[PDB]
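What follows is one structure encoded as structure tokens, with my remarks underneath.
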Amino acid sequence: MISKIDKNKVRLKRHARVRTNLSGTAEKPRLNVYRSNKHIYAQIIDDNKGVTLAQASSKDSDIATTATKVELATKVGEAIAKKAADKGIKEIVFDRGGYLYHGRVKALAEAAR
Amino acid sequence: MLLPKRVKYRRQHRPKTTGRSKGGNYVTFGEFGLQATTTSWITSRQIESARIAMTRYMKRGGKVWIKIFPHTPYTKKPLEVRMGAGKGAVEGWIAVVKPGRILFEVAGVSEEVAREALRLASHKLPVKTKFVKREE
Amino acid sequence: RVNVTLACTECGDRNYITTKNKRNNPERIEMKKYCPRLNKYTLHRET
Amino acid sequence: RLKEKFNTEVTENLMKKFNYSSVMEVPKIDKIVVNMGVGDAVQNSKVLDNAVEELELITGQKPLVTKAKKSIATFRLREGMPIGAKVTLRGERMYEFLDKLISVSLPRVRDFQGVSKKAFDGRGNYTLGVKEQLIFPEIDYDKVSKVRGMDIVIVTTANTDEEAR
Amino acid sequence: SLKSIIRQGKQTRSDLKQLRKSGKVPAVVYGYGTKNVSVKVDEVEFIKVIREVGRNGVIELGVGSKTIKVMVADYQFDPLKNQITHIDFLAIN
Amino acid sequence: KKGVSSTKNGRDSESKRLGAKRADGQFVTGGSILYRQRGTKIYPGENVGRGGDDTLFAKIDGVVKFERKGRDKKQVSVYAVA
RNA sequence: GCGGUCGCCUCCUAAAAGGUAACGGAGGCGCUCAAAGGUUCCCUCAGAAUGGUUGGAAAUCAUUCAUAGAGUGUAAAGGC
RNA sequence: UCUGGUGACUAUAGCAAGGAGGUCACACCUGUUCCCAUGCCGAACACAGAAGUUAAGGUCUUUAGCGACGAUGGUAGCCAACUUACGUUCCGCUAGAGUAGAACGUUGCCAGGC
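Protein chains in written order, with the entry's author numbering: chain R, 1 to 113; chain P, 1 to 136; chain T, 2 to 48; chain K, 3 to 167; chain a, 3 to 95; chain b, 12 to 93.
Now the structure itself:
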């Protein structure tokens, strides 16, 4: 009955405080993930005028699946848009980013990096 | 002697005396207001030596409503000494008035009393006054 | 607080000078510092 | 049992007691904040620490008075342990109906609260009574204050058969 | 009340205080169809506002064109003189 | 003539010369001071940096630009243009 | 003459850049801290009443009104 | 062109009421079997799964009552200037705050299922 809290609120609110030092210049474009109720995302971004530089998606449906931490979570953890982009800065609003969204941070650590 | 209780600082600056009035240019608590026409410092002692007297004409009749309260407390030295070794202890309380301000307010009682009462009361204040009839 | 002194045995020179309370921790303390003529952070004995 | 007794009677009423739009505007039970107190600043408070190991699930935190007027204020004493029901213990020593093990002051009031935060005080030795008075027969203050799933007393009332008071 | 004003002039130097002893006041209508296109009124025909509206109602304007009911709303009373300065109207739409 | 009751006052400190030190629109050098103040009245913007909790200085050559940040907070910047 | 002051820090006077006097009006310092330091995470203020051995209107954790009116080791302003 | 995602605008962008729809997509929804972990309870922090639903949020459309932006007409103040002794007054420039009438239930940046 009493005030229940929304959580997209504080998710983007924290993205704010976290978006004060890290920002993709396309010379090192950050890739930055909207966790969802069932799925996960990612996208490379350049941050000079806010246009959308590069793009993939987990949910893009070359294959769908379940198990939000799947090898589908690590195929979104591999995919790229081939260019001259190198080992990006993993934007993380989600705790233990070194392991939580490591599903994304794992597979791409070799080719995009 | 309308004075306060709790004051942060006890030594202050003389208030500015130039220009017109700001607020309290009308009357509320009664039909009849006594306006002011020049500038001075009314000094709480006037007020209670021009309130008891107006009521001693009013013979505890109708009721009044004061529209001036002394805030800035003025200070003064005692016996004439040298110049300059500190500031004198606070010994008074002052209120500043400008032209165009209602100082007193009363209700109910006849206009003969109003005139023949505010003329009694103004004879103590160092400011020149003028009657006001709530002239909408 | 009282003044102390640290020095790396290998170099045998006391250059670093820190402070320490005589009640908070009266037990002789010792930390690793970068003493000269060694090019490595050796152990300093706060004598 | 009790956690399901937060279901065995209530899912159908708490799906009907209101006639809201969807199932989820029609509430559940509001969570609890199992808290204890003391009337001594030293030893009763330093030695009223387990009765939570008895009733609550919290080992024992050390919060003190905040508002703390003239002689309320003290520091760091374990007078109010934050054993609020989160989800696991959210079926705590509260919905135990051991408030009948007194047979006095069952129906205390005509109602409960104008502030939705309800307070239900086992004043005396009403609660934790299945344990014999070995060391629990001394000074002991309670603090069962938590809100319920109803804006005022009104519909809160004539379906409150859970704790029946 | 049939009271008529006219469109006075802006770009005013403050030399008007002295053309003010001879009666006038500013006045500016609010409302659509026109703008703050000010009108000038005189007093000793307002020595008889006593019977005009009271304070709440209608006045003619005859202000060239668009002569309709206009409401003088605000108050700009003046100290020390029993004079008046900038009383002003509005359109009813 | 009579030894007075003295003054329980008389103490103050040296002024620090705070404020702006380079004007908006003029050309600078890498490393020059732009503002000196307690706390961050004007935040550091583009190619400028804060020192030890003051002295907003420049990091590259160019021309300075004073600007608003959000709704009520300002900022300073330098652009490489020559 | 007697008395009191003499160095450093904050504010007002000081007149919207900086600077600016009087035996002008107010407060402070002669440190402290192995943590109250560096780094990575994680969290959130008051003035508000509920009726809860006990109640000291104030001994408690909640709940919601809570807009910085809170908290900063130390005075005051500028800040968060 | 609808929604989801990033980057501009002075809350004109709001809190206060509601209205109505779907789960393509945000949501309410199941527990500790696991990754992490509350000195405190997996509600925040995590996992596999979603049979069940649209209240709420979410989005538009309504309230100018709730608050900021607030165009003119004046007016205080002020820079020169000629007077007089100024708590002023005249003469020239720039003219505020507050008060209205208003605008007022955001302009877009660039992508994804269409």
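For every residue, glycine included, the Cβ atom is placed at its ideal position computed from N, Cα and C.
| Asked | Found |
| --- | --- |
| Closest Cβ-Cβ distance between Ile2 of chain R and chain K: below 8 Å? | yes |
| Is there a Cβ of chain a sitting closer than 8 Å to that of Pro99 of chain P, yes or no? | yes |
| When Cβ atoms are compared, which residues of the region 57-87 of chain K fall closer than 9 Å to chain R? | none |
| Answer with yes or no whether the minimum CB distance from residue 2 of chain a to chain P is below 8 Å. | Because chain a is modelled from 3 through 95, residue 2 of chain a falls outside the range shown and cannot be assessed. |
| Measure from the C-beta of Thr43 of chain P to each C-beta in chain a and report whether the shortest distance is under 8 Å. | no |
| At a CB distance below 8 Å, what residues from the region 27-45 of chain K approach chain R? Give them in sequence order. | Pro29 and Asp32 |
| Taking the CB atoms as reference points, tell me whether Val106 of chain P and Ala114 of chain P lie closer together than 8 Å. | yes |
| Using a Cβ-Cβ cut-off of less than 8 Å, give me the residues of the region 32-66 of chain P that come near chain a, in sequence order. | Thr37 |
| To the nearest angstrom, how far is it from the Cα of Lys69 of chain K to the Cα of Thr76 of chain K? | 10 Å |
| Quick one: grab the DSSP three-state call for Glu78 of chain b. | strand |
| Reducing DSSP to helix, strand and coil, say where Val157 of chain K ends up. | helix |
| If we define contact as Cβ-Cβ less than 8 Å, is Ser118 of chain K a contact residue for chain R? | yes |
| For the beta strand (DSSP E) that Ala121 of chain K lies in, which residues bound it at each end? | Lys119 to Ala121 |
| Between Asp153 of chain K and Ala53 of chain K, what straight-line distance do the alpha-carbon atoms span, to the nearest angstrom? | 32 Å |
| Considering only the alpha carbon of each residue, which of K:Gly62, K:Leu108, K:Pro84 and K:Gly131 lies closest to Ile34 of chain K? | K:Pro84 |
| State the DSSP-derived secondary structure class of residue 140 of chain P, mapped to helix, strand or coil. | What is shown of chain P runs 1 to 136, which leaves residue 140 of chain P out entirely. |
| Find out if the Cβ-Cβ distance for the pair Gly93 of chain K, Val36 of chain K is shorter than 8 Å. | no |
| Under 8 Å, Cβ to Cβ, is there at least one residue of chain a near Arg10 of chain P? | no |
| Please confirm if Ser110 of chain P has its CB atom under 8 Å from at least one CB of chain a. | no |
| Starting from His15 of chain R, trace the alpha helix (DSSP H) both ways and give me its first and last residue. | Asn8 to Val18 |
| How many angstroms separate the CA atom of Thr28 of chain P from the CA atom of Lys42 of chain a? | 32 Å |
| Which residues does DSSP list as the beta-bridge partners of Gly14 of chain b? | According to DSSP, which records beta bridges pairwise, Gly14 of chain b is partnered with nothing at all. |
| Kindly give me the distance between the Cβ atoms of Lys70 of chain b and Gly41 of chain b, rounded to whole angstroms, as I take these residues to be in contact under 8 Å. | 6 Å |
| Quick check: the region 83-95 of chain a against the region 19-35 of chain a, are at least 3 beta-carbon pairs closer than 8 Å? | yes |
| Counting only beta-carbon atoms, is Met96 of chain K nearer than 8 Å to chain R? | no |
| Taking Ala85 of chain P as the query, report the chain b residues whose CB atoms sit under 8 Å from its CB, ordered along the chain. | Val15, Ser16, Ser17 and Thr18 |
| In the DSSP output, what is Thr20 of chain T paired with across the bridge? | T:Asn4 |
| Does the count of Cβ pairs from the region 114-121 of chain K and the region 88-105 of chain K closer than 8 Å reach three? | no |
| Under 8 Å Cβ to Cβ from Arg134 of chain P, same chain only, skipping five residues before and after it: list those, please. | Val27, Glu31, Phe32 and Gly33 |
| Can you have a look at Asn32 of chain R and say buried or exposed, based on whether 16 or more other CB atoms are within 10 angstroms of its CB? | buried |
| Is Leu100 of chain K closer than 8 Å to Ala43 of chain K when the C-beta atoms are compared? | no |
| Just to confirm, is the Cβ distance from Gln12 of chain P to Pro73 of chain P under 8 Å? | yes |
| Using a 10 Å radius around the Cβ and a threshold of 16 neighbouring Cβ atoms, would you call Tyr101 of chain R buried or exposed? | buried |
| Indicate whether at least one CB of chain b lies closer than 8 Å to the CB of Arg82 of chain P. | yes |
| Leaving out the 5 sequence neighbours to the left and right, which residues in its chain are closer than 6 Å to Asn15 of chain K when beta-carbon positions are compared? | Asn161 |
| State yes or no: is the beta carbon of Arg20 of chain P nearer than 8 Å to at least one beta carbon in chain a? | yes |
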